[PDB]
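Residue numbers (PDB author numbering): 1 to 330.
Right, dumping it as structure tokens:
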């Protein structure tokens, strides 16, 4: 089998991407944030505290003839941005782009933190990291990809995120028309539950490439590119007036600037992030200070190749017995 679904930016900045997902019988379609940095499929629901729901579409398990309470199971998750959610668990039929999994754990939120409530466009998350990170207790549950894998034509999914435009998540096949050149594959460590890999270096604009190992994670659920402070300083030093602002929470730059590109290495190959992809717009409405799309990871504990980096590439998440990542230009 295969599946193919379009993923759409939630706003004009590409702050996140939403993909329609069918849950239950008859289908209830929710727009989920596909997140290769976590491993829970959770949704706003008829069980979510009413004051914490503000415009999201909810899953109502009592209206699904295939929903079954997973008795005794609870979940609770906290994300790197400080947001969180928790609740109980059903199993139900879940379809993405024509690919169907029966008995998928659908984690129904009883509580969500303020940032989820405040984002009316995201109805939940669909985790695509390794199932070892799934938070369901006392019986850990598998991701949608893990459940589908054996049925897929090939044990892979691909992320093709657009810049200020829709893109595609494919399951089970690699669309050879969706990228240019060849796909360069690179090793993955699953020891932390992430799609963790080592970039071979970087360049700023037309500058020379610096060969240096940068361990980090391919994370579709993180907006920005988070790299070591040395790398980030070298980038922003090329932008007149850019500075790290403790009050804003990262590097800012004059909105009048034209940003240089940023290149990252994948083995001997190179992925070029155009400068425009690094502009996240005014820090507050009407400001002439703009927020940068490349930020320091120093306070995180891990480097994160988020959407800013991934949207410059066609990315293969290869779930073969030994997982690997592939990157191609497009």
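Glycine included, every Cβ here is placed at the ideal spot set by N, Cα and C.
Beta bridge pairing from DSSP links residue 320 with no other residue. Nearest in C-alpha terms to residue 60, of all of 306, 40, 79 and 92, is 92. Buried is the label assigned to residue 35, since at least 16 other Cβ atoms lie within 10 Å of its Cβ. For the pair residue 39 and residue 129, the CB atoms are nearer than the 8 Å cut-off.
The beta carbon of residue 229 sits closer than 6 Å to those of 296 and 298, all from its chain and outside the five residues before and after it, given in chain order.
Within its own chain, the residues whose Cβ lies closer than 6 Å to the Cβ of residue 15, once the five positions on either side in sequence are excluded, are 223, listed in chain order. Under the three-state reduction of DSSP output, residue 147 falls in the helix class.
Counting along the chain, the unbroken alpha helix (DSSP H) around residue 233 starts and ends at 229-236. DSSP, reduced to helix, strand and coil, places residue 52 within a helical segment of the structure shown. Under the three-state reduction of DSSP, residue 179 is assigned to coil, being neither helix nor strand. Per the C-alpha coordinates, the member of 212, 218, 278 and 291 positioned closest to residue 248 is 291. Rounded to the nearest whole angstrom, the CA to CA distance from residue 284 to residue 208 is 35 Å. Counting the other CB atoms within 10 Å of its CB gives residue 300 a total below 16, which places it among the exposed residues. Residue 30 sits close to residue 124, with the two beta carbons spaced by under 8 Å.
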